[PDB]
Amino acid sequence: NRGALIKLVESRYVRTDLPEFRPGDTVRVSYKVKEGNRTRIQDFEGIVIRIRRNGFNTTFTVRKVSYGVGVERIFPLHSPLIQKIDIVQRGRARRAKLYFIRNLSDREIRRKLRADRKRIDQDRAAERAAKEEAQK
RNA sequence: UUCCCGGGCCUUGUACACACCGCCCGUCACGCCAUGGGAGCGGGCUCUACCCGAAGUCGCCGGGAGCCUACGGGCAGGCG
Ligand SMILES: [Mg+2]
Ligand SMILES: [Mg+2]
Ligand SMILES: [Mg+2]
Ligand SMILES: [Mg+2]
Ligand SMILES: [Mg+2]
Ligand SMILES: [Mg+2]
């Protein structure tokens with residue numbers, strides 16, 4: 001027995017070091033790349049378009065426009081190749097997956113996605129709190 | 001003395017004048033050139049309508065928040 005508990009044992013690859021976010025709010029993920037036997041940390045930053053929750057190997061995809069072409073990247077949420085991920089802004093999604101933005105991509109999405117104050121306000125307030133409460 | 005040939009004088013018509021064995025016209029054939037049309041093909045300029053929209057000035061907001069304050073202000077920022 002413990003069919004899932006065994007496969008759930010299987011991960012020493014879970015990682016707690018990355019931030020909370022949901023679809024709709026924009027983030028920036030730094031990712032190890034090769035680029036000809038050298039090594040670089042490339043950043044990729046756009047709206048997170050969706051999140052697939054499987055526990056370990058959940059994955060989340062990020063969309064942005066780059067030099068006049070939309071791009072989506074799909075990252076494994078536990079990937080050993082993610083150095084860090086910063087949330088660069090929060091936004092109010094209204095539904096789980098937003099693919100609908102692909103056929104907007106214009107000003108109409110900054111109207112559809114207006115920033116989520118509740119989670120913004122609780123970020124600052126969480127950052128003031130942890131800042132004040134570490135030192136003294 | 002009508003007719004054929006040549007000739008003389010006057011006259012008349014002429015686009016002939018190396019002068020009627022003159023001049024000249026239009027198709028057709030050939031060569032060269034330029035040009036119209038032509039299923040279309042390419043390009044330039046332009047107009048109309050609608051979508052998206054940089055930088056920017058302008059206008060409204062500056063609030064569940066920021067910063068400075070000379071705080072019933074200004075700034076970042078947001079929207080048009
Ligand atoms: Mg079990
Ligand atoms: Mg005569
Ligand atoms: Mg003759
Ligand atoms: Mg002659
Ligand atoms: Mg022609
Ligand atoms: Mg517009």
# chains A, B, ... in the order shown; residues from 1 in each chain; ligands from 1
call {"tool": "interface_residues", "arguments": {"of": "chain A", "to": "chain B", "cutoff": "10 Å", "atoms": "only C-alpha atoms (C1' of nucleotides)", "output": "PyMOL selection string"}}
result
chain A and resi 106-107+111+116-121+124
call {"tool": "select_by_dssp", "arguments": {"residues": "region 1-100 of chain A", "states": "strand (DSSP E)", "output": "NGL selection string"}}
result
:A and (26-33 or 40-52 or 59-66 or 69-76 or 82-87)
call {"tool": "residues_near_ligand", "arguments": {"ligand": "ligand 1", "cutoff": "8 Å", "atoms": "only C-alpha atoms (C1' of nucleotides) and all ligand atoms", "output": "short mmCIF file (atom, residue, chain, number, x, y, z; two decimals) with N, CA, C and O atoms, in the first residue's frame"}}
result
data_model
loop_
_atom_site.label_atom_id
_atom_site.label_comp_id
_atom_site.auth_asym_id
_atom_site.auth_seq_id
_atom_site.Cartn_x
_atom_site.Cartn_y
_atom_site.Cartn_z
N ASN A 1 0.82 -1.20 0.00
CA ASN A 1 0.00 0.00 0.00
C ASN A 1 0.86 1.26 0.00
O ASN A 1 2.04 1.18 -0.35
N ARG A 2 0.26 2.38 0.40
CA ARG A 2 0.86 3.73 0.36
C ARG A 2 1.32 4.10 -1.06
O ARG A 2 2.38 4.72 -1.24
N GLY A 3 0.49 3.74 -2.04
CA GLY A 3 0.84 3.84 -3.45
C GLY A 3 1.36 5.23 -3.74
O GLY A 3 2.44 5.39 -4.26
N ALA A 4 0.58 6.23 -3.35
CA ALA A 4 0.98 7.62 -3.53
C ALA A 4 1.98 8.08 -2.51
O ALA A 4 2.74 9.00 -2.77
N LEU A 5 1.97 7.48 -1.32
CA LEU A 5 2.89 7.94 -0.31
C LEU A 5 4.28 7.52 -0.70
O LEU A 5 5.25 8.17 -0.35
N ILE A 6 4.40 6.43 -1.45
CA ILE A 6 5.72 6.06 -1.93
C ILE A 6 6.24 7.03 -3.01
O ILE A 6 7.34 7.58 -2.91
#
call {"tool": "residues_near_ligand", "arguments": {"ligand": "ligand 4", "cutoff": "9 Å", "atoms": "only C-alpha atoms (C1' of nucleotides) and all ligand atoms", "output": "PDB file with N, CA, C and O atoms (P, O5', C5', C4', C3', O3' and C1' of nucleotides), in the first residue's frame"}}
result
ATOM      1  P     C B  16       4.443  67.596-111.686  1.00  0.00           P
ATOM      2  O5'   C B  16       4.764  67.125-113.171  1.00  0.00           O
ATOM      3  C5'   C B  16       5.062  65.765-113.388  1.00  0.00           C
ATOM      4  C4'   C B  16       5.407  65.534-114.812  1.00  0.00           C
ATOM      5  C3'   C B  16       6.664  66.246-115.292  1.00  0.00           C
ATOM      6  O3'   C B  16       7.836  65.466-115.096  1.00  0.00           O
ATOM      7  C1'   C B  16       4.872  66.669-116.770  1.00  0.00           C
ATOM      8  P     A B  17       8.982  65.986-114.110  1.00  0.00           P
ATOM      9  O5'   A B  17      10.094  66.506-115.114  1.00  0.00           O
ATOM     10  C5'   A B  17       9.889  66.548-116.529  1.00  0.00           C
ATOM     11  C4'   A B  17      10.747  67.617-117.170  1.00  0.00           C
ATOM     12  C3'   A B  17      11.690  68.314-116.200  1.00  0.00           C
ATOM     13  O3'   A B  17      12.868  68.714-116.889  1.00  0.00           O
ATOM     14  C1'   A B  17      10.199  69.895-117.087  1.00  0.00           C
ATOM     15  P     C B  18      14.278  68.065-116.497  1.00  0.00           P
ATOM     16  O5'   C B  18      14.263  66.672-117.241  1.00  0.00           O
ATOM     17  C5'   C B  18      13.967  66.631-118.622  1.00  0.00           C
ATOM     18  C4'   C B  18      14.381  65.327-119.238  1.00  0.00           C
ATOM     19  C3'   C B  18      13.869  64.095-118.514  1.00  0.00           C
ATOM     20  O3'   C B  18      13.587  63.097-119.478  1.00  0.00           O
ATOM     21  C1'   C B  18      16.208  63.990-118.651  1.00  0.00           C
ATOM     22  P     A B  19      12.385  62.082-119.188  1.00  0.00           P
ATOM     23  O5'   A B  19      11.099  63.014-119.311  1.00  0.00           O
ATOM     24  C5'   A B  19      10.979  63.941-120.370  1.00  0.00           C
ATOM     25  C4'   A B  19       9.747  64.774-120.195  1.00  0.00           C
ATOM     26  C3'   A B  19       9.030  65.079-121.486  1.00  0.00           C
ATOM     27  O3'   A B  19       8.195  64.023-121.866  1.00  0.00           O
ATOM     28  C1'   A B  19       9.386  67.084-120.331  1.00  0.00           C
ATOM     29  P     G B  22       8.244  56.936-119.079  1.00  0.00           P
ATOM     30  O5'   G B  22       8.205  58.536-119.108  1.00  0.00           O
ATOM     31  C5'   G B  22       9.168  59.284-118.379  1.00  0.00           C
ATOM     32  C4'   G B  22       8.717  60.692-118.086  1.00  0.00           C
ATOM     33  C3'   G B  22       8.073  60.915-116.739  1.00  0.00           C
ATOM     34  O3'   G B  22       9.022  61.104-115.721  1.00  0.00           O
ATOM     35  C1'   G B  22       6.751  61.898-118.400  1.00  0.00           C
ATOM     36  P     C B  23       9.028  60.122-114.455  1.00  0.00           P
ATOM     37  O5'   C B  23       7.704  60.528-113.668  1.00  0.00           O
ATOM     38  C5'   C B  23       7.581  61.821-113.088  1.00  0.00           C
ATOM     39  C4'   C B  23       6.142  62.187-112.877  1.00  0.00           C
ATOM     40  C3'   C B  23       5.437  61.456-111.753  1.00  0.00           C
ATOM     41  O3'   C B  23       5.712  62.001-110.484  1.00  0.00           O
ATOM     42  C1'   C B  23       4.070  61.441-113.666  1.00  0.00           C
TER      43        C B  23
END
call {"tool": "residues_near_ligand", "arguments": {"ligand": "ligand 5", "cutoff": "10 Å", "atoms": "only C-alpha atoms (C1' of nucleotides) and all ligand atoms", "output": "ChimeraX atom specification"}}
result
/B:35-38
call {"tool": "write_last_selection", "arguments": {"atoms": "N, CA and C atoms (P, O5', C5', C4', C3', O3' and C1' of nucleotides)", "output": "PDB file, in the first residue's frame"}}
result
ATOM      1  P     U B  35       7.682  53.939 -78.362  1.00  0.00           P
ATOM      2  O5'   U B  35       6.210  54.055 -78.988  1.00  0.00           O
ATOM      3  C5'   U B  35       5.443  55.251 -78.904  1.00  0.00           C
ATOM      4  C4'   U B  35       4.117  55.107 -79.623  1.00  0.00           C
ATOM      5  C3'   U B  35       3.170  54.051 -79.075  1.00  0.00           C
ATOM      6  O3'   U B  35       2.401  54.554 -78.014  1.00  0.00           O
ATOM      7  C1'   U B  35       3.333  53.814 -81.419  1.00  0.00           C
ATOM      8  P     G B  36       1.865  53.606 -76.843  1.00  0.00           P
ATOM      9  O5'   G B  36       0.451  53.122 -77.413  1.00  0.00           O
ATOM     10  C5'   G B  36      -0.527  54.110 -77.659  1.00  0.00           C
ATOM     11  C4'   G B  36      -1.753  53.587 -78.349  1.00  0.00           C
ATOM     12  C3'   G B  36      -2.429  52.390 -77.734  1.00  0.00           C
ATOM     13  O3'   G B  36      -3.229  52.739 -76.638  1.00  0.00           O
ATOM     14  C1'   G B  36      -2.310  52.116 -80.080  1.00  0.00           C
ATOM     15  P     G B  37      -3.246  51.770 -75.365  1.00  0.00           P
ATOM     16  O5'   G B  37      -4.169  50.561 -75.820  1.00  0.00           O
ATOM     17  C5'   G B  37      -5.424  50.778 -76.432  1.00  0.00           C
ATOM     18  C4'   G B  37      -5.886  49.509 -77.082  1.00  0.00           C
ATOM     19  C3'   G B  37      -5.826  48.285 -76.192  1.00  0.00           C
ATOM     20  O3'   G B  37      -6.968  48.147 -75.383  1.00  0.00           O
ATOM     21  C1'   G B  37      -4.823  47.794 -78.284  1.00  0.00           C
ATOM     22  P     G B  38      -6.792  47.673 -73.853  1.00  0.00           P
ATOM     23  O5'   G B  38      -6.299  46.161 -73.959  1.00  0.00           O
ATOM     24  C5'   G B  38      -7.031  45.188 -74.692  1.00  0.00           C
ATOM     25  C4'   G B  38      -6.254  43.910 -74.778  1.00  0.00           C
ATOM     26  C3'   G B  38      -5.616  43.497 -73.469  1.00  0.00           C
ATOM     27  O3'   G B  38      -6.517  42.704 -72.723  1.00  0.00           O
ATOM     28  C1'   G B  38      -4.029  43.343 -75.253  1.00  0.00           C
TER      29        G B  38
END
call {"tool": "residues_near_ligand", "arguments": {"ligand": "ligand 2", "cutoff": "10 Å", "atoms": "only C-alpha atoms (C1' of nucleotides) and all ligand atoms", "output": "JSON, numbers by chain"}}
result
{"B": [10, 11, 12, 13]}
call {"tool": "atom_distance", "arguments": {"atom1": "CA of residue 114 (chain A)", "atom2": "CA of residue 55 (chain A)"}}
result
28.7 Å
call {"tool": "residues_around", "arguments": {"residues": "region 77-86 of chain A", "least_positions_apart": "4", "cutoff": "10 Å", "atoms": "only C-alpha atoms (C1' of nucleotides)", "output": "VMD selection string"}}
result
chain A and resid 13 to 21 26 to 33 41 to 45 51 to 53 55 to 61
call {"tool": "atom_distance", "arguments": {"atom1": "CA of residue 66 (chain A)", "atom2": "CA of residue 102 (chain A)"}}
result
13.5 Å
call {"tool": "closest_residue", "arguments": {"among": "B:9, B:54, B:41, B:60", "to": "ligand 6", "atoms": "only C-alpha atoms (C1' of nucleotides) and all ligand atoms"}}
result
B:54
call {"tool": "atom_distance", "arguments": {"atom1": "CA of residue 87 (chain A)", "atom2": "CA of residue 64 (chain A)"}}
result
14.4 Å
call {"tool": "closest_residue", "arguments": {"among": "A:125, A:135, A:110, A:96", "to": "residue 78 (chain B)", "atoms": "only C-alpha atoms (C1' of nucleotides)"}}
result
A:110
call {"tool": "select_by_dssp", "arguments": {"residues": "region 8-127 of chain A", "states": "helix (DSSP H, G or I)", "output": "NGL selection string"}}
result
:A and (8-9 or 100-103 or 107-112 or 117-127)
